[PDB]
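Chains as they are written, first to last, in the authors' numbering: chain B, 3 to 441, 446 to 450; chain A, 1 to 441, 446 to 450; chain D, 3 to 441, 446 to 450; chain C, 1 to 441, 446 to 450.
Where a beta carbon is used, it is the ideal one built from N, C-alpha and C, also for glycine.
Below you'll find the structure, written out as structure tokens, and then a few comments.
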Ligand SMILES: CC[C@H](C)[C@@H](NCc1c(COP(=O)(O)O)cnc(C)c1O)C(=O)O
Ligand SMILES: CC[C@H](C)[C@@H](NCc1c(COP(=O)(O)O)cnc(C)c1O)C(=O)O
Ligand SMILES: CC[C@H](C)[C@@H](NCc1c(COP(=O)(O)O)cnc(C)c1O)C(=O)O
Ligand SMILES: CC[C@H](C)[C@@H](NCc1c(COP(=O)(O)O)cnc(C)c1O)C(=O)O
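Rendered as structure tokens:
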């Protein structure tokens, strides 16, 4: 069934470095539309990954395809780093405006979420005149040297490549699942905030910290959301010490959580700096750092620019992509379908006790599998068999951190397919319970 | 004059929203559409392109094979990240790049989006393969704007100011200047002198045996189209291999036929890099890059040490396959060599008549025409180069400057001889015009 | 009483940088002996600080004075960095032998605890081929760029001097007083070991960590001892991952804790690397890093040396200093006088509820002062009052961390004097409770 | 032969316990006692000290006033830390040092234990005062063995190997070499060439406006007794003062009369430092050091940014007070100046008869005699230098080498003319004896 796919992968493994791919299964995609992937052997699948939340508006949206094709006929590329073009001008202004909050904003383009997160460091340091950056354990911010240092989701992002960027301090992110007996959401918030302050009470001067960077919901961490009160404490801590408050919206923005921006899951928080990428241009490489105007004015050329950033085709694909999110009401749909999928997985959890935790905000969720509900011991083996059963039954899903099923379908996903995919996962759970699935390095 | 009104207005609006640090400004050129070496602005004016979007447009604007590849690919799959799964344009391209890279040792590839991220990877791969931390790169260099690649760079102080500390364990060395030499020095003197400067850190505080790699532009772009002497490069290459130091090259600006060979390092005798970076022209300006390295080196890391969600995007992969096909079947490597020897002669003739031209440097349709206040002092004359680019722009030619006083000559490799001759004549005219004070002219350039 | 002191201090202030002294009171010491200090105004005091535990054998001990005098007549200095002298030869050998545990050891001399801690970093990195160093929040390791990066007890050891040494990670030290309601010592041990592991489970590879450096009892932190269990877990974690286990015995060695080395308060822990200073030469500038032999052979000259380290006068003084420790049995005497002083402090806590915590291990202690025994809000104002009283009644004592009284008198302090000092401290509490004490920057 | 038995046994026992990286080895000299310029070993052999414990014994070994200050202070108080409290000998010295420092601008002082830690303080104070991060130091320099000062250094690869990453944001520049020059170069050509190298990092990746200080040895010690030319120093001093860069000097080795002025920076016209490190001879080899800077620089930090338990030890402080009085009362500064000019002639005369002497450098009783295999190639001759110090040791003279091939001449400043001439005759004989192959030889030296 995967004869061609397997032959092409075996060839690719001779020429394409293994560090450039987290492998799960032999899926070679030929074409796709909406939430449907078709492989080179003719197998069809429903996509519950959306190329890691880059395909929020669905694969090959008619509108995005046309913008791409039309723009490519006029100009494939002229660098905004030297000169200008219209899609770029129009996009940079539109992004300045749809970013959360009311303060005047400016924008700088990149190619990837990585480089936008490097930008956040640059802009925070330059505006504050301070050097230290605080970021979170469990985070993923990119694979360039700045954003990679801020990250804490894989040891292979640190092994053999150091020394890393200096003056970076990692603090732990609130885990509302593996908690101490009898802890409320209040306790968790306060205990993690207390851990947050320890470096500041010892070796890290708050008056020399340029900024704090946070995923309002951690993606690669395992779809973990900060509690409301935790986040308001951090936010407040930052404004009281003149530390910029920065958000990474690259994974969780553009409607993934059922609001436009995942920071809007929290009350009245306007970031000083934010990174955007992934779904921005429907998987075409474009990113943006968007900060308050006075922060963005603290650097002079050429501190931060890329030859191919704000590519006019990418830009056109992005304008059409933002229009699909508005015109098809994808933010609201994500909230709705997400509430629905939440209820469906909680019901499955009544019948499959390998499901320890159901986290979901919009059509973005982490379904954490454990060996026993009270030890909460991770059971990656179970998760791997679930995704293997899924793949063999027309559903593409992967894991985070070994034992968490990752749920991030295109937001356009028809209800019919959503229900088919959910039924396969229910079936998978039963199969794995029954010993009916068996199995190099898989996943994180 | 009264011909740039729409452009001026759109720019004044853009500047309210788009950070000033994101653009090196020259003139009010807003491109509407383009083809070949011809740009058409939003005001309907037409220009001959002598920049090729900073060497990203080697096959010319909107090549119909590249357009075609983009549109057809987009119809099937806009994206699926090769960081998790696979697609055919990316598989075919990675393989092809491993084979067409310089030399015969087997290679592997890792994709990025930018020349910046590929140079970050060179750091990664070198350190992991060698187990050593120090990186040596050059004064005058440009490697990118991510923290690794930006630290390696040495072409603008605005790439260091207010954003440090930068990446540790990097050392800069001077790049050979063959124009501003000491009186009497030969090419051999220059080579030896700059090799002696290369060795000074290694003879004091920098252990050769803890140095992972030396990264070098075979010809420096942002530095001002400066080529290392043959013998210099041989000594550095030799030194690297006597010490277990990887020899790495940046072919982002000067690869893919720009110098009149496929790769800039092929201007030198029998140098095979361990690691190289590619970008820019790779996919005709679509965002795609690669680090190409020897197979053992590229095997030194495990995932996810280096990957990006949108790197090796299939639309960009398809555009790149089409771009590399065009380069071969249109013979762009050879055309760049032939037209370049021709451009060099035309500029040397111009230098006989216009004493402000201190140095003509050209390898392929890749040149730096360095302007100076006096042939003997060689004092840079930025003001004159700024004047020449303003004159050129006003007569339908788009050209910019490097390091203040150097005219950057990098037109698409497809440039028709008709247009190349029109553009060279306009520059000839510009020199005369500037001599006679006809041209007038906040921060322009580097 | 302090006419001459103040005129002298006033002049010094014009010429000696204020960063170079943590200020408490106008004490200008003219001479001393044992535990008795006499100022230039002829006032007399009892020494409860021992020059930050640098004078364990008491001031101007007759045998150390003689060593100094006699050596200075033969050779004031010849640098062992180029050549050799006998007092240095003899001391290095003796130090290699009296270090804890029985693995063969070698030694390098420095001038300060600070530089011995820089050496720990060098030797750990060199022996392991790894770069990362873990140290603790609340730690104090020194004032040279390496040791100072590792430290975690004053924001003024980081402010304005960065960037600091890279590849250093700080972890939380187990606080056995401000705990969560219900916690045993077992819970504390495991909670703080769980914090220890978090960086190694996110961004810090255990296999690239060269060493963990720990004060067995933290001094500048407030005389905080690590629980036995937490320490066995860290100790084990390092052996399992090839991380070197290193201890700082600069403040807490040489009998301060009632055993020879503070690490001997724990069961069967032989360190890979250790720093020594302070009391080693009676406050004469001398330090050593002592490591397992194979660790110390990982470097070639001149990786770690100083012109004036292992100065022969300093080495003579140290040899004599060590002999007094043995022949006056100060190790035993510290343990006895400390169990005694502990009960005297527990007694005072009965009558003075402002005493929230009594921590004592040998004649080494911290007496923590609070505003309430349940809130445990620190009362810095109280502790400043207590020490200002003590001073005005012939007792030299200082505060750690604002609110913690520091009890570290020379180990040879006579029982008569100890009781004299303790009674002044008793009077001090009552006087402060009755508002009978009134009082820029003081202490930490 | 048969004279070194006790020494050999002792060193052989020492090597089992004392780490090999703590000593640069030359020969089996184990000192029992010394006085003035006379060392006596444990075997009862006698020698003339031409090293002064690396310029730490300027006033001679066991000077009676220094020995007396040590004894007398020890009976009153061996230590009370100035980091917490005060004592009279530290107070007096802190003030004398602020006053005897070069230039008229008011100064403050902070005490350390070692020249290393004083250079670490230079880094901190410079960063703190300017609010800038970058430090510029020299290739060939030695500043110390603590992470800050060690990162500044550039005289041995074993100061960087296996212990990095080092301190970030440090840049090394080359120190002017007036011996191995290009044909025809005057001292003006050297000064300008080395300044042009100084400027290259500031013209590429290092913003002058983000550079906190330059740290320079006025005469390099471990680099081989190399003195910057006057004009090179003026250009650096100038450049610093035009950009808000602190100008900092290390006087640890070359201070306190060694050069035949009180401070080596006084060999230059009208240069006052912002910061200087002092150590070594300060307290006659007892562990004491100071950072001395302009008042306002020293006020840029709050406690405890820079302090040490045993810094400003009262015993070391009294030794230092006595040491400085001896320097003044015995006219040691002028004596180094006079005996220096005399020693220079002598060596210059030896050069005529022994052509292996390639270069004679001398400023005070402070010289490097550089041995080469040929006058025109200037190829280092380590072998010859090592043979000379072995001849020398055998005939009652203790001298060592710098950089392989450079004889280090740094006797106590109080050395009597008869001993000086005794030791100079031995060296004259050494040369001739090595020319005849009469001398035989782990790693020796640097
Ligand atoms: C290829 C997918 C990546 C391994 C990872 N996402 C990348 C990411 C990034 C980096 O984005 P790129 O540089 O575009 O990959 C930045 N911020 C967050 C919150 C991210 O999740 C993920 O979603 O698994
Ligand atoms: C926008 C253009 C850029 C400022 C500059 N070239 C970028 C470049 C880069 C960086 O490539 P990107 O990250 O794709 O901009 C890497 N290596 C070399 C040799 C380069 O020249 C240039 O050609 O001027
Ligand atoms: C001046 C005294 C110091 C501020 C401080 N102790 C210095 C110290 C040091 C540094 O020793 P020095 O470099 O000799 O000051 C190293 N390790 C520990 C555990 C230390 O406590 C103290 O005990 O308060
Ligand atoms: C032990 C002798 C040392 C290897 C070396 N000098 C130490 C030194 C130092 C360091 O002094 P300490 O840290 O006291 O050794 C600082 N600055 C200069 C210019 C120095 O020369 C020397 O003079 O050979």
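Can you tell which of the options has its C-alpha closest to the C-alpha of residue i?
i                      : options                    : result
residue 52 of chain C  : D/309, D/415, D/338, D/361 : D/309
residue 127 of chain D : D/307, D/405, D/274        : D/274
residue 34 of chain B  : B/415, B/447, B/431        : B/415
residue 327 of chain C : C/209, C/27, C/284         : C/284
residue 28 of chain C  : D/408, D/148, D/82, D/18   : D/82
residue 41 of chain A  : B/278, B/86, B/152, B/231  : B/86
Where does residue i fall in DSSP's three states?
i                      : result
residue 401 of chain A : strand
residue 380 of chain C : strand
residue 20 of chain D  : helix
residue 30 of chain D  : strand
residue 268 of chain B : coil
residue 432 of chain C : helix
residue 41 of chain C  : strand
residue 142 of chain A : coil
residue 308 of chain C : coil
residue 441 of chain A : coil
Count the other CB atoms, across all protein chains shown, that sit within 10 Å of the CB of residue i; report buried if there are 16 or more and exposed otherwise.
i                      : result
residue 436 of chain B : exposed
residue 172 of chain A : buried
residue 1 of chain A   : exposed
residue 8 of chain C   : exposed
residue 132 of chain C : buried
residue 339 of chain A : buried
residue 258 of chain C : buried
Interface residues of chain A around residue i at Cβ under 7 Å?
i                      : result
residue 259 of chain B : The premise fails here: residue 259 of chain B is roughly 18 Å from chain A at the closest Cβ pair, so nothing lies under 7 Å.
residue 143 of chain C : The contacting residues do not exist; residue 143 of chain C stays about 11 Å from chain A at best.
Give the interface partners of residue i over in chain B, defined as CB-CB distance under 7 Å, in chain order.
i                      : result
residue 218 of chain C : In chain order: nothing, as chain B lies at least about 32 Å away.
residue 178 of chain D : Ordered by position in chain B, no residue passes the 7 Å Cβ test against residue 178 of chain D, which lies about 16 Å from the chain.
Name, please, each residue of chain A whose Cβ falls closer than 8 Å to the Cβ of residue i.
i                     : result
residue 83 of chain B : 22, 23, 24, 54
Give the residues of chain C in contact with residue i, contact being defined as C-beta atoms less than 8 Å apart.
i                      : result
residue 160 of chain A : 205, 206, 207, 210
Please list, in chain order, the chain D residues whose beta carbon lies closer than 8 Å to that of residue i.
i                      : result
residue 153 of chain B : 205
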